[PDB]
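Here the structure is laid out as structure tokens; the discussion comes afterwards.
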Amino acid sequence: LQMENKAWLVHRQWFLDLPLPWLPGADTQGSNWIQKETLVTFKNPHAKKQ
Amino acid sequence: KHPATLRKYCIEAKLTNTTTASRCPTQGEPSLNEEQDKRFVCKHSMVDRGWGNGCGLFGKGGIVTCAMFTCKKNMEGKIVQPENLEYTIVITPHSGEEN
Amino acid sequence: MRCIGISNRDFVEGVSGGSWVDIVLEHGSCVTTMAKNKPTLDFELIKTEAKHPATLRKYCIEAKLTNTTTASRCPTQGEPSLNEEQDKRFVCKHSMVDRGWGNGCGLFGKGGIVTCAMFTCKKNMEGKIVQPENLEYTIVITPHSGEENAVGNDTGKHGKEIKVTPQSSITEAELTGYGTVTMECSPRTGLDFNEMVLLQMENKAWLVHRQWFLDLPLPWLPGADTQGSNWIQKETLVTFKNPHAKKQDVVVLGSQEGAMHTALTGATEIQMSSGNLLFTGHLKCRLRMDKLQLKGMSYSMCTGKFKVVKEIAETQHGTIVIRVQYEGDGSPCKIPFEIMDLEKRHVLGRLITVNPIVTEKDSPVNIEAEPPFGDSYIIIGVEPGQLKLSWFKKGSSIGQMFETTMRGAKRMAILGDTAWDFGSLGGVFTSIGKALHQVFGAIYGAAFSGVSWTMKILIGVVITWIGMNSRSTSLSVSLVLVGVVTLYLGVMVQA
Amino acid sequence: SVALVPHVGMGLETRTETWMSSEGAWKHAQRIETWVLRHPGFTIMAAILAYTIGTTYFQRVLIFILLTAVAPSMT
Amino acid sequence: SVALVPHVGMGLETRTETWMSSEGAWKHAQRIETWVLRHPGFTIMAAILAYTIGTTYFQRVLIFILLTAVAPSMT
Ligand SMILES: *[C@@H]1O[C@H](CO)[C@@H](O)[C@H](O)[C@H]1NC(C)=O
Ligand SMILES: *[C@@H]1O[C@H](CO)[C@@H](O)[C@H](O)[C@H]1NC(C)=O
Ligand SMILES: *[C@@H]1O[C@H](CO)[C@@H](O)[C@H](O)[C@H]1NC(C)=O
């Protein structure tokens with residue numbers, strides 16, 4: 001696991017269980033992130049707007 | 001050696017093109033053309049609707065809002081085949097001397 | 001007319017002796033108040049504002065480390081010294097490394113080592129406070145005038161706006177044609193602003209708890225700081241690594257914006273970008289009906305023919321709204337509106353838009369009523385030519401009673417004892433209930449503060465079981481009641 | 001981490017929706033479910049321990065639930 | 001969030017110091033202590049409930065510890 005010039009050795013199931021959006025790995029353009037809902041929040045205070 | 005990525009996670013993103021579709025009560029959930037788009041993140045909710053909203057039925061009108069998800073920072077998850085490891089070992093004898 | 005169309009709408013009926021009614025004005029909802037011979041009014045709290053907030057503390061959420069330096073000493077010779085240890089902008093740590101002949105020591109023990117790096121903060125999480133005195137509340141009063149565009153119209157061009165502040169206890173709004181309405185609000189007793197923080201982080205704000213905020217584990221500054229470099233709890237945003245007891249290094253430990261966003265779960269968002277606006281919370285006001293006089297009273301009844309310009313629509317609360325136009329000679333007249341039974345011998349439905357009037361011949365007055373459950377006729381106009389519209393209201397009296405009970409319970413869940421002020425008109429029972437609620441709510445809030453809804457559900461289940469397996473009838477019933485209330489609250493908490 | 005000290009039980013909740021109420025309503029229960037699925041072995045041993053300690057099924061079930069809920073938490 | 005699944009009991013551990021091992025060792029217990037100090041009311045209720053439920057003193061202490069450990073974290 002490499003993150004901004006820092007790398008860790010981690011369990012593979014743990015890595016695959018992370019709640020962040022991910023790309024397949026061969027993806028070369030982004031644009032198909034999977035769990036995009038984990039990195040966004042939809043707010044509907046009352047029932048006026050979303 | 002020769003790591004292969006199996007997943008690239010997003011640790012920081014941004015949303016750019018927000019759009020909303022609204023539908024009057026009992027008309028079903030609305031649809032945005034960008035729900036088919038995989039680079040957009042979408043959600044279906046309900047808002048109060050009535051004459052004041054230019055609707056005419058006074059109920060919970062479904063609403064859908066979408067935005068474009070763009071990753072600004074990711075963390076690679078490279079994997080390596082067990083055959084590609086290389087352990088380096090130093091064997092030094094107690095010669096009592098120096099290099 | 002502004003409340004028509006809002007899901008969180010409350011009907012308050014009647015005024016105490018002395019013609020005042022006590023109502024609570026929550027954000028996102030609104031209250032319609034009706035009293036005999038008094039106009040029907042729509043009250044909505046549309047804005048809370050905090051003025052001149054004071055910074056209480058600045059948290060660091062993203063830092064950087066530079067000018068890293070280390071000092072070593074041979075074993076048993078004490079601690080190493082670093083000139084940067086004197087400065088508090090440097091985060092430092094002492095540790096032991098293996099020393100020996102190989103690395104220049106005559107001894108073979110654990111030598112002390114000190115690593116110092118300069119801590120610089122890049123992003124802030126400022127948390128501000130407001131005195132309850134600078135707490136401008138904004139209320140919009142719209143009468144049920146029946147105007148064509150009045151229904152559900154949030155533009156507020158046809159509704160009076162009154163600003164409530166602790167400086168003046170009494171607010172007067174002149175409603176053109178309806179006299180003057182007097183609200184005596186309690187801006188000091190709403191959100192306890194001396195126990196909350198206006199937390200602002202990167203173009204977002206949250207209304208958080210003062211103690212929770214002061215308990216945040218991050219580097220911070222006292223709030224009056226000007227140099228902004230003597231961060232205090234810096235060790236919470238830095239890592240000291242001594243991997244193999246050989247070399248010690250320091251890393252800055254990432255950016256905590258997302259971690260804070262997750263931490264702020266359960267905190268209502270606010271707008272501090274410009275003005276520190278709040279669109280959450282309530283405001284308890286006492287309404288004065290004394291000077292409210294029906295508009296269009298002292299008018300002759302409309303004898304001409306009416307037409308329906310917008311079919312009857314049923315709102316979410318069992319009240320229909322229809323728009324009718326007039327074609328007759330006595331333009332400024334009062335509309336003959338009635339809700340009868342199918343035989344036309346009993347008046348079943350009450351008019352929410354009490355005393356509708358045709359101000360203009362060409363202007364389509366719209367009016368709201370509450371028809372009875374089942375079939376009924378909406379008669380508009382006098383006999384010569386008169387509209388007779390059939391309506392069916394779905395539901396029941398038992399269902400309405402259940403829904404009213406559930407709504408009252410929910411109001412008691414969001415509000416504490418303040419739910420006993422929502423529609424109170426004096427009343428010894430109301431006061432006693434509010435006092436018992438105050439005591440029980442104190443006990444409950446003490447016993448359940450800082451717990452999630454799942455834990456509340458678990459505790460409620462446990463207490464209900466304990467009561468069910470009690471051999472004392474009084475204690476059994478009390479425990480079952482407490483457990484059921486706890487379960488209900490856990491189900492209803494959050495958001 | 002700050003993320004381990006959320007603002008949930010502070011008792012300031014109004015009728016207005018909170019920061020991540022929809023998302024965070026079931027996040028902890030989802031985490032417990034996922035952990036219990038990925039680590040069945042601790043579930044069996046926690047059940048055995050609760051059954052042994054608990055003299056009555058109420059005590060046993062409560063102990064098992066608390067153990068299973070707390071194991072992923074510290075984890 | 002990701003911070004709630006902190007890669008602890010995964011094996012893979014060695015002599016080499018792990019990441020954030022000095023702090024994460026005790027930060028959970030520090031957090032529970034701070035919560036118990038900041039919310040005395042719940043701890044009293046937890047003790048009372050554990051006493052009511054626990055037949056023996058072992059069961060009561062175990063239940064109380066589990067309850068007070070899961071109360072803040074379950075949040
Ligand atoms: C998104 O918005 C930008 C404007 O910033 C525009 O140039 C672009 O075409 C839009 N993309 C869409 C709507 O897919
Ligand atoms: C609300 O009022 C404005 C001005 O009074 C008017 O232009 C509008 O048509 C009305 N109805 C709305 C906005 O639905
Ligand atoms: C830290 O290093 C920078 C160079 O990157 C230098 O300009 C600055 O004066 C140094 N500060 C101290 C306190 O030594």
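Within 10 Å of each Cβ of C:317-327, how many other protein chain Cβ atoms are there on average? Numbers along the way, then the final one.
Details: counts 1, 0, 1, 1, 3, 0, 1, 0, 0, 0, 0.
Whole-number average of other-chain Cβ neighbours for C:317-327 is 1.
What percent do you get for the relative contact order of the stretch D:1-72 when only Cα pairs under 8 Å and 6+ apart count?
Relative contact order for the stretch D:1-72 comes out at 24 percent.
How shielded is B:19-26 by partner chains, expressed as the average number of their Cβ atoms within 10 Å of its Cβ atoms? Write down the numbers at each step before the final one.
Working: counts 0, 2, 0, 2, 0, 0, 1, 0.
Per residue, the number of nearby Cβ atoms from other chains is 1 on average.
In chain B, which longest range has no GluC sites (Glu not before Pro) that are both DSSP loop (not H, G, I, E or B) and surrounded by at most 14 other Cβ atoms within 10 Å?
Details: sites that count: B:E86, B:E97, B:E98.
With a cap of 14 other Cβ atoms within 10 Å, the longest stretch comes to B:1-85.
Calculate for chain D the 222 nm mean residue ellipticity that helices alone would give, adding -39,500 (n - 2.57) per DSSP H run of length 4 or more and normalising by residue count, nearest 500 deg cm²/dmol. If you can, show how the numbers build up before the last one.
Details: 4 runs with 48 residues, N = 75.
Calculated at 222 nm, the ellipticity per residue is -20000 deg cm²/dmol.
Just to confirm the filter: which trypsin sites (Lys or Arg not before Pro) across the stretch C:1-57 are DSSP coil and have at most 11 other Cβ within 10 angstrom of their Cβ?
Numbers: sites: C:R2, C:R9, C:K36, C:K47, C:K51, C:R57; in loops: C:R2, C:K36, C:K51.
Passing both the DSSP loop test and the Cβ count: C:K36.
Determine, from the Cβ-Cβ distance of D:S22 and B:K73 and an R0 of 25 Å, the FRET efficiency 1/(1 + (r/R0)^6), rounded to the nearest 0.05. Numbers along the way, then the final one.
Numbers: r = 25 Å, r/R0 = 1.01.
The computed FRET efficiency comes out at 0.50.
Name the residue from C:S478, C:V309, C:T76 whose Cα lies farthest towards the positive end of the charge dipole of chain C, charges +1 on Cβ of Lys and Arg and -1 on Cβ of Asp and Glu.
Value computed over the given set: C:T76.
Longer than 25 Å from Cα to Cα, which of C:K88/C:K110; A:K48/B:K38; C:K334/C:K388 are they? Say none if no pair is. Mind dumping the intermediate values first?
On the way: C:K88/C:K110 27 Å; A:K48/B:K38 27 Å; C:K334/C:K388 18 Å.
Check vs 25 Å cut-off fails for C:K88/C:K110; A:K48/B:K38.
What ratio of Cα Rg to 2.2 N^0.38 Å holds for chain C? Show your work: numbers first, answer last.
Numbers: Rg = 32.5 Å, N = 495, 2.2 N^0.38 = 23.2 Å.
Compactness ratio reported: 1.40.
Just want to confirm a number: the relative contact order over chain C, from Cα pairs under 8 angstrom separated by 6+ residues, in percent.
On the way: 1103 pairs, mean separation 75.4, N = 495.
The value is 15 percent.
Springs between alpha-carbon pairs under 10 angstrom, Gaussian network model over chain D: which of D:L12, D:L49, D:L37 fluctuates most?
Evaluated over chain D, the most mobile residue of the options is D:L12.
With no solvent and one equal point scatterer placed on each C-alpha of chain B, evaluate the Debye formula and give log10 I(q)/I(0) for q = 0.10, 0.12, 0.24 Å⁻¹, two decimals.
Normalising to I(0) and taking log10 leaves -0.55, -0.65, -1.14.
Normalised by the residues of chain A, what does the relative contact order come to in percent, with Cα pairs under 8 Å and at least six apart? Each step should come with its number before you reach the end.
Numbers: 28 pairs, mean separation 12.1, N = 50.
Worked out over chain A, it gives 24 percent.
Any idea what angle helix C:473-492 forms with the longest principal axis of chain C, computed on alpha-carbon atoms, 0 to 90 degrees, nearest 10?
Taking Cα atoms only, the helix is inclined about 80 degrees.
Return C:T171, B:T26 ranked ascending by Cβ neighbour count within 10 Å, so the fewest neighbours appear first. Don't skip to the end; give the middle numbers.
Details: C:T171 19, B:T26 11.
Fewest-to-most Cβ neighbours within 10 Å comes out as B:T26, C:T171.
Quick check on the exposure proxy: order C:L475, A:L39 from fewest to most C-beta atoms within 10 angstrom. Don't skip to the answer; put the middle values down first.
Values: C:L475 12, A:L39 23.
Listing C:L475, A:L39 from fewest to most nearby Cβ atoms yields C:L475, A:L39.
Roughly how far apart, in whole Å, are the Cα centres of the stretch D:7-41 and the stretch C:173-246?
Using only Cα atoms, the two centres lie 23 Å from each other.
At a temperature of 10 °C and a viscosity of 1.306 mPa s, determine how fast the stretch C:179-331 diffuses translationally according to Stokes-Einstein, using the Kirkwood radius over alpha-carbon pairs as Rh; express D in µm²/s, rounded to the nearest whole number. Working shown, then result.
Values: Rh = 22.7 Å.
Rounded, D is 70 µm²/s.
Calculate the mean, over all residues of peptide C:4-15, of how many other protein chain Cβ atoms lie within 10 angstrom of the residue's Cβ.
Working: counts 4, 10, 7, 10, 4, 1, 0, 0, 0, 0, 0, 0.
Counting Cβ atoms of other protein chains within 10 Å of each residue's Cβ and averaging gives 3.
If you place +1 on the Cβ of every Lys and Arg, -1 on the Cβ of every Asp and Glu, and leave all else neutral, what size is the dipole of chain D about its Cα centre, to the nearest 20 Debye? Walk me through the intermediate numbers first.
Details: 5 positive and 4 negative charges, 40 e Å.
Result for chain D is approximately 200 debye, rounded to the nearest 20.
What distance in nm lies between label points placed 7 Å from Cα along the C-beta direction at C:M468 and D:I44?
3.1
So how long is each side of chain A along the principal axes, counting just the alpha-carbon atoms, biggest first, in Å?
46, 23, 22
Could you put C:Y59, C:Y299 in order, starting from the residue whose Cβ has the fewest other Cβ atoms within 10 Å? Let's see the in-between values first.
Details: C:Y59 26, C:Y299 17.
Listing C:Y59, C:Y299 from fewest to most nearby Cβ atoms yields C:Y299, C:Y59.
Angle check, please: helix C:397-414 long axis (alpha carbons) against the longest principal axis of chain C (alpha carbons), in degrees 0 to 90, nearest 10.
The two axes meet at around 30 degrees.
Against the longest principal axis of chain C, how steep is helix C:453-468, in degrees 0 to 90 to the nearest 10, with axes from Cα atoms?
Taking the Cα atoms of chain C, the angle to C:453-468 is about 70 degrees.
At 222 nm, what value in deg cm²/dmol follows for chain C if DSSP H runs of at least 4 each add -39500 (n - 2.57) and the sum is divided by all its residues, to the nearest 500? Working shown, then result.
Values: 6 runs with 87 residues, N = 495.
It comes out at -5500 deg cm²/dmol, rounded to the nearest 500.
Using a 7 Å offset from the Cα along the Cα-to-Cβ direction at both C:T405 and A:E4, what is the distance between the two label points in nm, to one decimal?
Once both label points are built, they end up 5.5 nm from each other.
Would you please calculate the Kirkwood hydrodynamic radius of the stretch D:1-72 over all C-alpha pairs and express it in Å, rounded to one decimal? Working shown, then result.
Numbers: mean 1/r = 0.0695 Å⁻¹.
The answer is 14.4 Å.
Calculate the length of the line joining the C-alpha centroid of the stretch A:21-47 to that of the stretch C:99-146, in whole Å.
29
When we count neighbours, we look across all protein chains shown, and the Cβ atoms used for this are built from the backbone with ideal geometry, even at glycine. A short reminder: the numbers here are calculations on the coordinates, not readings from a lab.
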